[PDB]
file run-v2.txt (compact mmCIF, C-alpha atoms and all ligand atoms)
# COMPACT_ATOMS: atom_id res chain seq x y z
CA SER X 14 18.06 5.77 7.20
CA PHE X 15 15.25 3.48 6.09
CA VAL X 16 12.98 6.36 4.98
CA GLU X 17 15.09 6.54 1.79
CA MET X 18 13.88 3.03 0.88
CA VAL X 19 10.19 3.62 1.55
CA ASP X 20 8.24 3.49 -1.74
CA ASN X 21 11.23 2.20 -3.73
CA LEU X 22 9.14 -0.49 -5.49
CA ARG X 23 6.85 -0.09 -8.50
CA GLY X 24 5.04 -2.35 -10.91
CA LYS X 25 1.93 -3.21 -12.88
CA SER X 26 -0.75 -5.44 -11.36
CA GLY X 27 0.06 -9.10 -12.01
CA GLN X 28 3.41 -8.30 -13.62
CA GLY X 29 5.77 -8.21 -10.62
CA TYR X 30 7.29 -5.60 -8.30
CA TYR X 31 10.60 -4.05 -9.30
CA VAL X 32 13.31 -1.94 -7.70
CA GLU X 33 15.71 0.35 -9.54
CA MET X 34 19.34 -0.76 -9.64
CA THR X 35 22.57 0.20 -11.38
CA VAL X 36 25.20 -2.18 -12.76
CA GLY X 37 28.63 -1.50 -14.23
CA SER X 38 30.95 1.51 -14.46
CA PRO X 39 29.70 3.96 -15.55
CA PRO X 40 26.44 2.92 -13.82
CA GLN X 41 23.77 1.48 -16.10
CA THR X 42 20.25 1.93 -14.72
CA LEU X 43 17.82 -1.01 -14.89
CA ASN X 44 14.53 -1.98 -13.26
CA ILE X 45 14.85 -5.35 -11.51
CA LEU X 46 11.98 -7.59 -10.43
CA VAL X 47 12.16 -8.50 -6.73
CA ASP X 48 11.89 -12.30 -6.34
CA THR X 49 12.04 -14.13 -3.00
CA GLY X 50 11.26 -17.35 -4.93
CA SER X 51 14.69 -17.75 -6.58
CA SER X 52 18.36 -16.93 -6.04
CA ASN X 53 19.94 -15.72 -9.32
CA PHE X 54 20.54 -12.07 -10.16
CA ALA X 55 20.06 -11.83 -13.92
CA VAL X 56 19.48 -8.99 -16.38
CA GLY X 57 18.63 -8.78 -20.04
CA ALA X 58 21.93 -8.32 -21.88
CA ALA X 59 20.77 -8.66 -25.51
CA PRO X 60 17.89 -7.13 -27.48
CA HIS X 61 14.41 -8.51 -26.91
CA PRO X 62 11.05 -7.24 -28.21
CA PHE X 63 9.82 -6.62 -24.65
CA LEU X 64 13.03 -4.94 -23.37
CA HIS X 65 13.34 -1.14 -23.55
CA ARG X 66 16.97 -1.30 -22.34
CA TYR X 67 19.48 -3.94 -21.32
CA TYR X 68 22.88 -4.45 -19.73
CA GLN X 69 25.78 -3.69 -22.10
CA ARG X 70 28.82 -5.47 -20.70
CA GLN X 71 31.01 -3.87 -23.39
CA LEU X 72 30.32 -0.41 -21.90
CA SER X 73 31.33 -1.36 -18.35
CA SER X 74 34.96 -0.99 -17.33
CA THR X 75 34.32 -3.11 -14.21
CA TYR X 76 32.72 -6.10 -15.96
CA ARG X 77 34.52 -9.42 -15.44
CA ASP X 78 33.61 -12.47 -17.49
CA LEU X 79 33.37 -15.74 -15.57
CA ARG X 80 33.55 -17.85 -18.76
CA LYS X 81 30.68 -20.07 -17.59
CA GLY X 82 27.15 -20.37 -18.98
CA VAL X 83 23.90 -20.55 -17.01
CA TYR X 84 20.18 -21.24 -17.50
CA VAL X 85 17.27 -21.02 -15.04
CA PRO X 86 13.91 -22.76 -15.65
CA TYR X 87 11.11 -21.36 -13.46
CA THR X 88 7.52 -22.47 -13.02
CA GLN X 89 6.70 -19.90 -15.71
CA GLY X 90 9.48 -18.74 -18.01
CA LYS X 91 13.14 -19.57 -18.51
CA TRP X 92 16.30 -17.89 -19.73
CA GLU X 93 19.94 -18.67 -20.44
CA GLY X 94 23.01 -16.47 -20.46
CA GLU X 95 26.63 -15.82 -19.50
CA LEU X 96 27.93 -15.54 -15.94
CA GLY X 97 30.12 -12.61 -14.90
CA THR X 98 30.55 -10.08 -12.11
CA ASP X 99 30.20 -6.32 -11.89
CA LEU X 100 29.59 -3.46 -9.46
CA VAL X 101 25.96 -3.11 -8.40
CA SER X 102 24.06 -0.45 -6.45
CA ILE X 103 20.51 0.29 -5.34
CA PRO X 104 19.85 4.06 -5.68
CA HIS X 105 16.90 3.96 -3.25
CA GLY X 106 18.63 1.42 -1.07
CA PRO X 107 21.69 1.30 1.17
CA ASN X 108 24.51 3.70 0.36
CA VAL X 109 26.87 0.94 -0.81
CA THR X 110 28.27 -0.69 -3.94
CA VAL X 111 29.07 -4.39 -4.17
CA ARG X 112 30.66 -6.76 -6.63
CA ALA X 113 28.01 -9.38 -7.31
CA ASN X 114 27.36 -12.27 -9.62
CA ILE X 115 25.27 -11.31 -12.65
CA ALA X 116 23.74 -13.59 -15.26
CA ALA X 117 23.73 -11.74 -18.59
CA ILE X 118 20.55 -12.98 -20.26
CA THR X 119 21.15 -13.74 -23.97
CA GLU X 120 18.07 -15.89 -24.74
CA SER X 121 14.75 -16.26 -22.98
CA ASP X 122 11.39 -17.98 -23.36
CA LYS X 123 8.19 -16.52 -21.86
CA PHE X 124 10.27 -14.75 -19.18
CA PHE X 125 10.13 -11.02 -19.96
CA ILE X 126 6.64 -9.50 -19.91
CA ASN X 127 5.52 -6.96 -22.50
CA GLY X 128 5.03 -3.57 -20.82
CA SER X 129 6.15 -4.65 -17.34
CA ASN X 130 8.94 -2.01 -17.29
CA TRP X 131 11.51 -4.37 -15.72
CA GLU X 132 14.58 -5.80 -17.40
CA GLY X 133 16.01 -8.25 -14.85
CA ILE X 134 15.35 -10.32 -11.75
CA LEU X 135 16.75 -10.19 -8.22
CA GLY X 136 16.57 -13.62 -6.62
CA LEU X 137 16.60 -13.06 -2.86
CA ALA X 138 16.49 -16.71 -1.68
CA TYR X 139 19.44 -18.86 -0.66
CA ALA X 140 22.40 -20.37 -2.56
CA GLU X 141 20.99 -23.93 -2.36
CA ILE X 142 18.64 -23.17 -5.26
CA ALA X 143 21.01 -20.96 -7.26
CA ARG X 144 21.89 -22.05 -10.79
CA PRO X 145 24.11 -23.63 -12.05
CA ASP X 146 24.82 -24.73 -8.46
CA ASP X 147 25.12 -23.38 -4.89
CA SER X 148 28.62 -22.03 -5.47
CA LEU X 149 27.19 -19.04 -7.35
CA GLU X 150 26.78 -16.66 -4.40
CA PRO X 151 23.39 -14.85 -4.46
CA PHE X 152 23.22 -11.05 -4.49
CA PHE X 153 22.03 -10.59 -0.90
CA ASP X 154 24.79 -12.87 0.43
CA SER X 155 27.35 -10.72 -1.41
CA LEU X 156 25.80 -7.52 -0.06
CA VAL X 157 25.94 -8.87 3.52
CA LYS X 158 29.48 -10.24 3.15
CA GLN X 159 30.98 -7.08 1.57
CA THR X 160 29.15 -4.34 3.57
CA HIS X 161 27.74 -3.67 7.04
CA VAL X 162 24.10 -4.12 5.92
CA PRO X 163 22.43 -6.41 8.50
CA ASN X 164 21.33 -9.84 7.27
CA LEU X 165 17.66 -9.14 6.75
CA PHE X 166 15.21 -7.29 4.54
CA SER X 167 11.50 -6.60 4.60
CA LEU X 168 8.87 -6.24 1.88
CA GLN X 169 5.78 -4.06 2.01
CA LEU X 170 3.87 -4.94 -1.15
CA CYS X 171 0.94 -2.58 -1.69
CA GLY X 172 -2.01 -3.22 -3.99
CA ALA X 173 -3.69 -0.63 -6.23
CA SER X 185 -0.40 0.79 -10.86
CA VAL X 186 1.21 -0.83 -7.76
CA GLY X 187 3.91 0.27 -5.34
CA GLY X 188 5.69 -0.88 -2.24
CA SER X 189 8.88 -0.83 -0.20
CA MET X 190 11.86 -3.13 0.08
CA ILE X 191 13.69 -2.15 3.26
CA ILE X 192 17.20 -3.56 2.86
CA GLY X 193 18.92 -4.24 6.16
CA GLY X 194 16.11 -3.73 8.65
CA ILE X 195 12.52 -3.16 9.69
CA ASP X 196 10.75 0.18 9.18
CA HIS X 197 8.25 0.46 12.01
CA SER X 198 6.15 3.13 10.26
CA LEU X 199 5.15 0.56 7.60
CA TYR X 200 3.04 -1.68 9.85
CA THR X 201 0.61 -1.71 12.78
CA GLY X 202 0.15 -4.17 15.61
CA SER X 203 2.66 -6.88 16.43
CA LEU X 204 5.01 -8.85 14.21
CA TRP X 205 4.43 -12.61 14.29
CA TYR X 206 7.28 -14.93 13.31
CA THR X 207 7.35 -18.35 11.68
CA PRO X 208 10.58 -20.39 11.36
CA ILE X 209 12.33 -20.67 8.03
CA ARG X 210 12.22 -24.46 7.86
CA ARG X 211 15.27 -24.84 5.61
CA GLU X 212 17.40 -22.19 3.90
CA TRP X 213 16.82 -22.81 0.21
CA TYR X 214 13.51 -21.29 -0.72
CA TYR X 215 11.95 -19.24 2.09
CA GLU X 216 10.22 -22.41 3.25
CA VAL X 217 7.58 -22.26 5.97
CA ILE X 218 5.13 -24.73 7.51
CA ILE X 219 1.35 -24.17 7.37
CA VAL X 220 -0.38 -25.97 10.26
CA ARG X 221 -4.09 -25.20 9.72
CA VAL X 222 -6.38 -23.67 7.09
CA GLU X 223 -9.82 -22.16 7.70
CA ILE X 224 -12.29 -20.67 5.22
CA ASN X 225 -14.80 -18.27 6.80
CA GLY X 226 -13.77 -19.81 10.13
CA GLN X 227 -14.42 -23.40 9.02
CA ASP X 228 -11.47 -25.79 9.30
CA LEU X 229 -10.62 -27.50 6.01
CA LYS X 230 -9.88 -30.54 8.25
CA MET X 231 -7.17 -32.00 6.02
CA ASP X 232 -3.97 -33.72 7.02
CA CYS X 233 -1.81 -30.65 7.60
CA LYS X 234 0.95 -32.32 5.58
CA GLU X 235 -1.33 -31.79 2.56
CA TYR X 236 -0.87 -28.02 3.06
CA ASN X 237 2.93 -28.36 2.71
CA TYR X 238 3.12 -31.03 -0.03
CA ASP X 239 5.81 -30.99 -1.09
CA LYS X 240 6.71 -27.59 0.46
CA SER X 241 5.31 -24.15 1.27
CA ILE X 242 7.26 -21.04 0.24
CA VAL X 243 6.99 -17.25 0.37
CA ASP X 244 7.45 -16.06 -3.21
CA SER X 245 7.26 -12.40 -4.20
CA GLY X 246 7.96 -13.39 -7.82
CA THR X 247 4.61 -15.15 -8.22
CA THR X 248 1.33 -13.25 -8.32
CA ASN X 249 -1.12 -15.90 -7.13
CA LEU X 250 -1.63 -18.02 -4.09
CA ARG X 251 -0.81 -21.49 -5.43
CA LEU X 252 -2.03 -24.59 -3.60
CA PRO X 253 -1.30 -28.32 -4.00
CA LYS X 254 -3.94 -30.17 -6.02
CA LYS X 255 -5.86 -31.62 -3.08
CA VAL X 256 -5.82 -28.34 -1.11
CA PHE X 257 -6.72 -26.31 -4.22
CA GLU X 258 -9.80 -28.45 -4.91
CA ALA X 259 -11.04 -28.14 -1.32
CA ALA X 260 -10.54 -24.36 -1.25
CA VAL X 261 -12.28 -23.78 -4.59
CA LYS X 262 -15.17 -26.05 -3.56
CA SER X 263 -15.56 -24.02 -0.36
CA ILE X 264 -15.19 -20.64 -2.12
CA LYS X 265 -17.71 -21.65 -4.82
CA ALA X 266 -20.25 -22.63 -2.16
CA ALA X 267 -19.86 -19.38 -0.24
CA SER X 268 -20.53 -17.37 -3.43
CA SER X 269 -23.07 -19.69 -5.13
CA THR X 270 -25.69 -16.88 -5.28
CA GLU X 271 -23.71 -15.59 -8.29
CA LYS X 272 -22.75 -17.27 -11.55
CA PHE X 273 -19.19 -17.56 -12.78
CA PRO X 274 -17.93 -19.39 -15.87
CA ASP X 275 -15.80 -22.36 -14.87
CA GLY X 276 -12.94 -20.72 -16.77
CA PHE X 277 -13.07 -18.08 -14.04
CA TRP X 278 -12.09 -20.66 -11.40
CA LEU X 279 -9.06 -21.55 -13.56
CA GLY X 280 -7.61 -18.04 -13.51
CA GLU X 281 -8.31 -17.57 -17.25
CA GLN X 282 -11.55 -15.69 -17.86
CA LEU X 283 -12.32 -12.60 -15.79
CA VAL X 284 -15.58 -11.73 -14.03
CA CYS X 285 -17.14 -8.26 -13.98
CA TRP X 286 -19.80 -6.35 -12.05
CA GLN X 287 -21.25 -2.87 -12.38
CA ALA X 288 -18.80 -0.28 -11.03
CA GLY X 289 -18.87 -0.35 -7.24
CA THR X 290 -21.28 -3.30 -6.93
CA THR X 291 -18.72 -6.09 -6.46
CA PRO X 292 -20.37 -8.45 -3.89
CA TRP X 293 -17.34 -8.83 -1.60
CA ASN X 294 -19.57 -10.13 1.22
CA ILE X 295 -20.19 -13.44 -0.61
CA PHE X 296 -16.50 -14.29 -0.95
CA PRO X 297 -14.95 -15.85 2.17
CA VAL X 298 -11.85 -14.94 4.16
CA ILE X 299 -8.99 -17.48 4.16
CA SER X 300 -6.98 -18.02 7.35
CA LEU X 301 -3.50 -19.54 7.03
CA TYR X 302 -2.04 -20.72 10.34
CA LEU X 303 1.77 -20.75 10.45
CA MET X 304 4.16 -22.51 12.80
CA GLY X 305 5.17 -20.16 15.62
CA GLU X 306 8.37 -19.54 17.55
CA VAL X 307 7.48 -21.46 20.75
CA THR X 308 6.38 -25.02 21.49
CA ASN X 309 2.84 -25.86 20.34
CA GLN X 310 2.24 -22.25 19.28
CA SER X 311 1.06 -20.91 15.93
CA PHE X 312 -0.51 -17.72 14.60
CA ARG X 313 -2.75 -16.89 11.68
CA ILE X 314 -2.85 -14.45 8.81
CA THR X 315 -6.26 -13.75 7.31
CA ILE X 316 -6.64 -13.11 3.58
CA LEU X 317 -9.53 -10.97 2.30
CA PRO X 318 -11.23 -11.63 -1.06
CA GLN X 319 -9.84 -8.28 -2.18
CA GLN X 320 -6.48 -10.07 -2.11
CA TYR X 321 -7.35 -13.21 -4.10
CA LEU X 322 -9.67 -11.43 -6.58
CA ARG X 323 -7.11 -9.44 -8.55
CA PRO X 324 -8.44 -6.38 -10.41
CA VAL X 325 -7.59 -6.45 -14.12
CA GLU X 326 -8.08 -4.01 -16.96
CA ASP X 327 -11.52 -4.13 -18.56
CA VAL X 328 -11.38 -5.93 -21.90
CA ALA X 329 -14.53 -4.19 -23.22
CA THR X 330 -15.89 -0.75 -22.17
CA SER X 331 -14.08 0.40 -19.03
CA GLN X 332 -17.29 0.80 -17.03
CA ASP X 333 -17.39 -2.32 -14.83
CA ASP X 334 -15.08 -3.67 -12.11
CA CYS X 335 -13.40 -6.83 -13.41
CA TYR X 336 -11.30 -9.41 -11.57
CA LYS X 337 -9.33 -12.61 -12.06
CA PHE X 338 -9.33 -15.50 -9.58
CA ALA X 339 -5.82 -15.24 -8.12
CA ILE X 340 -5.64 -18.76 -6.64
CA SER X 341 -4.06 -21.48 -8.80
CA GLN X 342 -3.32 -25.17 -8.58
CA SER X 343 0.27 -26.23 -7.95
CA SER X 344 2.22 -29.45 -8.40
CA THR X 345 5.31 -28.18 -6.51
CA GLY X 346 3.76 -27.16 -3.18
CA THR X 347 2.09 -24.10 -1.70
CA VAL X 348 3.23 -20.70 -2.97
CA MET X 349 2.38 -17.66 -0.84
CA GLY X 350 2.61 -15.20 -3.72
CA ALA X 351 2.36 -11.44 -4.00
CA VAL X 352 -1.39 -11.26 -3.39
CA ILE X 353 -0.90 -13.05 -0.06
CA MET X 354 1.98 -10.72 0.87
CA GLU X 355 0.05 -7.57 -0.18
CA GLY X 356 -1.43 -5.88 2.84
CA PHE X 357 1.16 -7.51 5.10
CA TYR X 358 4.59 -6.30 6.11
CA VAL X 359 6.81 -9.35 5.67
CA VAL X 360 10.18 -9.51 7.40
CA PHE X 361 12.71 -11.96 5.92
CA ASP X 362 14.83 -12.28 9.07
CA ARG X 363 17.68 -14.29 7.60
CA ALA X 364 19.88 -13.71 10.69
CA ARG X 365 17.34 -15.39 12.98
CA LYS X 366 16.03 -17.88 10.38
CA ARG X 367 12.45 -16.63 10.61
CA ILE X 368 9.84 -14.73 8.62
CA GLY X 369 7.72 -12.07 10.31
CA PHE X 370 4.20 -10.98 9.37
CA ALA X 371 2.35 -7.86 10.50
CA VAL X 372 -0.62 -5.90 9.21
CA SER X 373 0.69 -3.42 6.63
CA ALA X 374 0.13 0.33 6.74
CA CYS X 375 -1.19 -0.07 3.17
CA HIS X 376 -3.89 -2.57 4.13
CA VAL X 377 -7.14 -3.40 2.32
CA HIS X 378 -10.30 -1.55 3.31
CA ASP X 379 -13.25 -3.97 3.32
CA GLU X 380 -16.40 -2.67 5.00
CA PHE X 381 -17.03 -5.18 7.77
CA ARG X 382 -13.89 -7.35 7.65
CA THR X 383 -10.21 -6.66 8.19
CA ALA X 384 -7.08 -8.56 7.25
CA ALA X 385 -5.26 -9.61 10.38
CA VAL X 386 -2.25 -11.31 11.90
CA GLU X 387 -3.40 -12.85 15.17
CA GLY X 388 -1.94 -15.01 17.89
CA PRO X 389 -1.07 -16.88 19.84
CA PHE X 390 -2.88 -20.14 19.01
CA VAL X 391 -2.16 -23.58 20.42
CA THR X 392 -1.43 -26.27 17.84
CA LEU X 393 -0.08 -29.69 18.75
CA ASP X 394 2.35 -31.77 16.66
CA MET X 395 3.20 -28.91 14.30
CA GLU X 396 6.35 -30.75 13.19
CA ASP X 397 4.13 -33.47 11.68
CA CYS X 398 2.87 -30.84 9.22
CA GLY X 399 6.20 -30.72 7.41
CA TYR X 400 6.57 -33.04 4.44
CA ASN X 401 9.68 -35.20 4.07
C1 LIG E 1 4.46 -11.64 -11.31
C2 LIG E 1 4.00 -12.19 -12.68
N1 LIG E 1 4.40 -13.58 -12.85
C3 LIG E 1 5.51 -13.80 -13.79
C4 LIG E 1 6.85 -13.25 -13.33
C5 LIG E 1 7.94 -13.53 -14.35
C6 LIG E 1 9.35 -13.31 -13.85
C7 LIG E 1 9.63 -13.88 -12.46
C8 LIG E 1 9.45 -15.39 -12.32
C9 LIG E 1 10.17 -16.14 -13.45
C10 LIG E 1 9.91 -15.90 -10.94
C11 LIG E 1 9.24 -17.22 -10.59
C12 LIG E 1 9.54 -17.63 -9.15
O1 LIG E 1 10.94 -17.49 -8.92
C13 LIG E 1 9.14 -19.09 -8.90
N2 LIG E 1 9.54 -19.47 -7.53
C14 LIG E 1 9.48 -20.92 -7.29
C15 LIG E 1 10.36 -21.73 -8.24
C16 LIG E 1 9.81 -22.66 -9.11
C17 LIG E 1 10.62 -23.39 -9.97
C18 LIG E 1 11.99 -23.19 -9.97
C19 LIG E 1 12.56 -22.26 -9.12
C20 LIG E 1 14.07 -22.04 -9.12
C21 LIG E 1 14.50 -21.09 -10.22
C22 LIG E 1 14.58 -21.54 -7.79
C23 LIG E 1 11.74 -21.54 -8.26
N3 LIG E 1 7.82 -17.11 -10.86
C24 LIG E 1 7.15 -18.02 -11.58
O2 LIG E 1 7.68 -19.04 -11.99
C25 LIG E 1 5.72 -17.70 -11.88
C26 LIG E 1 4.77 -18.66 -12.22
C27 LIG E 1 3.47 -18.28 -12.52
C28 LIG E 1 3.11 -16.94 -12.51
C29 LIG E 1 4.06 -15.96 -12.24
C30 LIG E 1 5.35 -16.35 -11.89
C31 LIG E 1 3.67 -14.51 -12.16
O3 LIG E 1 2.76 -14.19 -11.43

call {"tool": "encode", "arguments": {"input": "run-v2.txt", "output": "structure tokens"}}
result
Amino acid sequence: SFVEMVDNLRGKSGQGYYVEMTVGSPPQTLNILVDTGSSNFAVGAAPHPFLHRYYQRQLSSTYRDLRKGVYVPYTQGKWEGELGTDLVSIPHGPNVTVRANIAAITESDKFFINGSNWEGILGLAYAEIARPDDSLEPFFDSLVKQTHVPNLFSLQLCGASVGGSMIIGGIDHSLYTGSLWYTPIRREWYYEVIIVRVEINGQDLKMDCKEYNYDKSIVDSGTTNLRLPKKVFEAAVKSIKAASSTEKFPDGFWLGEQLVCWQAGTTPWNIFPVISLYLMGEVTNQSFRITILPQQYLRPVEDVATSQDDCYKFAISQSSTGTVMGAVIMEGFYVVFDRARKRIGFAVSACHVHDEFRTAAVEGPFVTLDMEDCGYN
């Protein structure tokens, strides 16, 4: 019964993917951003200039107040609110209703996005990073505990405004081609993984592989960009600049601020390199790689001036809290969050990018010694 969940995600480019949900009795419909980078389920519950609707606890006969406050500060944005529980369902999801923790957002700062069409956030990661502490059971843990839904979900994030699928409870084999390749979940807090090698256009960055995971590497559907630790970011940009030096870009472009444009259909994809991320595999001394096309890390944005050109933003950013494999990395892959087996699977998505001479790929096996040394402690 996974066909009912195909295409259950929507969104606007750079503004997050959301799934429709209902909370309360009678059911109140809300669009909820899907976030593997956090673990709180929270919805707007008070007016806000960017909210078209919000959760009204007063209108829900099943609402239960927990008489405890909560706040969550993210890398970008923060909110505070009141904890409580209520009945929750996913119309284009499993045919079940669960009682789950809900943070009723009463104040927020740079959290909600104007015109994004979502009013809440579904943190899919583990209790260890839940606020106020790990005793606030995350939504997916409640779903698994209260129903027969298997302990896994998969995300098919599709590019161009955007759509995708969140298959709750399994793997939909029509959404990918080739084989699934699995990397261990290093520790169950974020969806933490270990990157063991990085190549740009086939050239090894030749850094201490610990630099790639300093101080961690996570899979984060709630972040648009690929985010890299300072030292890795500088090396990647230096290499990407050199590969595309035949064209001029303002240095604000390389900071993700100012956009670059080209005459419609003349974007010089060939001068931007492919990025290969090698991930720790399932067997001794074995890894595999996912290859990222420039169509993934050059995000198309709306044209500020006359909508004649093709304009893009550089979707790779510097991080001070480790590597973040954001939505643009996940797009074009089918990503399986196999919580039951403590692993994350990658396969080429059915909604893959269509470059002329290059193709995004998930390839293995590769031999890589001392992979454990790549993890930071
Ligand atoms: C998709 C557009 N947007 C903004 C999305 C706004 C709404 C979701 C957005 C608060 C979740 C977190 C996501 O959870 C972060 N994951 C790691 C993390 C970092 C610090 C603290 C925590 C704990 C709460 C667990 C977790 N994302 C960000 O911060 C973020 C930053 C920069 C750009 C963007 C998002 C973006 O591209």

call {"tool": "residues_near_ligand", "arguments": {"input": "run-v2.txt", "ligand": "ligand LIG 1 (chain E)", "cutoff": "6 Å", "atoms": "only C-alpha atoms and all ligand atoms", "output": "JSON, numbers by chain"}}
result
{"X": [27, 28, 29, 48, 50, 51, 85, 86, 87, 88, 89, 90, 124, 142, 244, 246, 247, 248]}

call {"tool": "residues_around", "arguments": {"input": "run-v2.txt", "residues": "region 172-195 of chain X", "least_positions_apart": "6", "cutoff": "6 Å", "atoms": "only C-alpha atoms", "output": "list in words"}}
result
residues 18, 19, 20, 21, 22, 23, 24, 25, 162, 163, 165 and 166 of chain X

call {"tool": "residues_around", "arguments": {"input": "run-v2.txt", "residues": "region 312-316 of chain X", "least_positions_apart": "5", "cutoff": "7 Å", "atoms": "all atoms listed in the file", "output": "short mmCIF file (atom, residue, chain, number, x, y, z; two decimals) with C-alpha atoms, in the frame of the given file"}}
result
data_model
loop_
_atom_site.label_atom_id
_atom_site.label_comp_id
_atom_site.auth_asym_id
_atom_site.auth_seq_id
_atom_site.Cartn_x
_atom_site.Cartn_y
_atom_site.Cartn_z
CA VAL X 298 -11.85 -14.94 4.16
CA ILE X 299 -8.99 -17.48 4.16
CA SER X 300 -6.98 -18.02 7.35
CA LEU X 301 -3.50 -19.54 7.03
CA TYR X 302 -2.04 -20.72 10.34
CA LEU X 303 1.77 -20.75 10.45
CA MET X 304 4.16 -22.51 12.80
CA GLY X 305 5.17 -20.16 15.62
CA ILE X 353 -0.90 -13.05 -0.06
CA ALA X 384 -7.08 -8.56 7.25
CA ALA X 385 -5.26 -9.61 10.38
CA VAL X 386 -2.25 -11.31 11.90
CA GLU X 387 -3.40 -12.85 15.17
CA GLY X 388 -1.94 -15.01 17.89
CA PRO X 389 -1.07 -16.88 19.84
CA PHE X 390 -2.88 -20.14 19.01
#

call {"tool": "atom_distance", "arguments": {"input": "run-v2.txt", "atom1": "CA of residue 207 (chain X)", "atom2": "CA of residue 366 (chain X)"}}
result
8.8 Å

call {"tool": "atom_distance", "arguments": {"input": "run-v2.txt", "atom1": "CA of residue 220 (chain X)", "atom2": "CA of residue 349 (chain X)"}}
result
14.1 Å

call {"tool": "residues_around", "arguments": {"input": "run-v2.txt", "residues": "residue 320 (chain X)", "least_positions_apart": "3", "cutoff": "10 Å", "atoms": "only C-alpha atoms", "output": "PyMOL selection string"}}
result
chain X and resi 172+249-250+298+316-317+323-324+338-340+351-356+377+384

call {"tool": "write_last_selection", "arguments": {"input": "run-v2.txt", "atoms": "C-alpha atoms", "output": "CSV table (one decimal), in the coordinates of the input"}}
result
chain,number,residue,atom,x,y,z
X,172,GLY,CA,-2.0,-3.2,-4.0
X,249,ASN,CA,-1.1,-15.9,-7.1
X,250,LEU,CA,-1.6,-18.0,-4.1
X,298,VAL,CA,-11.8,-14.9,4.2
X,316,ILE,CA,-6.6,-13.1,3.6
X,317,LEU,CA,-9.5,-11.0,2.3
X,323,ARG,CA,-7.1,-9.4,-8.6
X,324,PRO,CA,-8.4,-6.4,-10.4
X,338,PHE,CA,-9.3,-15.5,-9.6
X,339,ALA,CA,-5.8,-15.2,-8.1
X,340,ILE,CA,-5.6,-18.8,-6.6
X,351,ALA,CA,2.4,-11.4,-4.0
X,352,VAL,CA,-1.4,-11.3,-3.4
X,353,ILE,CA,-0.9,-13.0,-0.1
X,354,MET,CA,2.0,-10.7,0.9
X,355,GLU,CA,0.0,-7.6,-0.2
X,356,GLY,CA,-1.4,-5.9,2.8
X,377,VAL,CA,-7.1,-3.4,2.3
X,384,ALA,CA,-7.1,-8.6,7.2

call {"tool": "closest_residue", "arguments": {"input": "run-v2.txt", "among": "X:108, X:74, X:347, X:14", "to": "residue 243 (chain X)", "atoms": "only C-alpha atoms"}}
result
X:347

call {"tool": "closest_residue", "arguments": {"input": "run-v2.txt", "among": "X:55, X:97, X:392, X:267", "to": "residue 143 (chain X)", "atoms": "all atoms listed in the file"}}
result
X:55

call {"tool": "residues_around", "arguments": {"input": "run-v2.txt", "residues": "residue 54 (chain X)", "least_positions_apart": "3", "cutoff": "6 Å", "atoms": "all atoms listed in the file", "output": "compact mmCIF listing (two decimals) with C-alpha atoms, keeping the file's coordinate frame"}}
result
# COMPACT_ATOMS: atom_id res chain seq x y z
CA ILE X 115 25.27 -11.31 -12.65
CA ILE X 134 15.35 -10.32 -11.75
CA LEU X 135 16.75 -10.19 -8.22
CA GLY X 136 16.57 -13.62 -6.62

call {"tool": "atom_distance", "arguments": {"input": "run-v2.txt", "atom1": "CA of residue 337 (chain X)", "atom2": "CA of residue 322 (chain X)"}}
result
5.6 Å

call {"tool": "closest_residue", "arguments": {"input": "run-v2.txt", "among": "X:109, X:32, X:307, X:64", "to": "residue 127 (chain X)", "atoms": "all atoms listed in the file"}}
result
X:64

call {"tool": "residues_around", "arguments": {"input": "run-v2.txt", "residues": "residue 125 (chain X)", "least_positions_apart": "6", "cutoff": "9 Å", "atoms": "only C-alpha atoms", "output": "MDAnalysis selection string"}}
result
chainID X and resid 57 61 63:64 90 131:133

call {"tool": "closest_residue", "arguments": {"input": "run-v2.txt", "among": "X:282, X:225, X:311, X:341", "to": "residue 258 (chain X)", "atoms": "all atoms listed in the file"}}
result
X:341

call {"tool": "closest_residue", "arguments": {"input": "run-v2.txt", "among": "X:111, X:59, X:199, X:16", "to": "residue 92 (chain X)", "atoms": "all atoms listed in the file"}}
result
X:59

call {"tool": "closest_residue", "arguments": {"input": "run-v2.txt", "among": "X:95, X:306, X:141, X:397", "to": "residue 208 (chain X)", "atoms": "only C-alpha atoms"}}
result
X:306

call {"tool": "decode", "arguments": {"input": "run-v2.txt", "residues": "region 226-231 of chain X", "atoms": "N, CA and C atoms", "output": "compact mmCIF listing (two decimals), in the first residue's frame"}}
result
# COMPACT_ATOMS: atom_id res chain seq x y z
N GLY X 226 36.80 13.43 -10.21
CA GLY X 226 37.71 12.31 -10.11
C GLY X 226 39.03 12.57 -9.41
N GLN X 227 39.25 13.77 -8.87
CA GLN X 227 40.53 14.10 -8.25
C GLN X 227 40.31 14.09 -6.74
N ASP X 228 41.10 13.29 -6.03
CA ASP X 228 40.97 13.16 -4.59
C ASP X 228 41.30 14.50 -3.92
N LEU X 229 40.44 14.96 -3.00
CA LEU X 229 40.80 16.16 -2.25
C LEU X 229 42.00 15.92 -1.34
N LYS X 230 42.32 14.66 -1.03
CA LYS X 230 43.54 14.29 -0.31
C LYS X 230 43.65 15.00 1.04
N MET X 231 42.55 15.07 1.77
CA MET X 231 42.56 15.61 3.12
C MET X 231 42.44 14.46 4.10
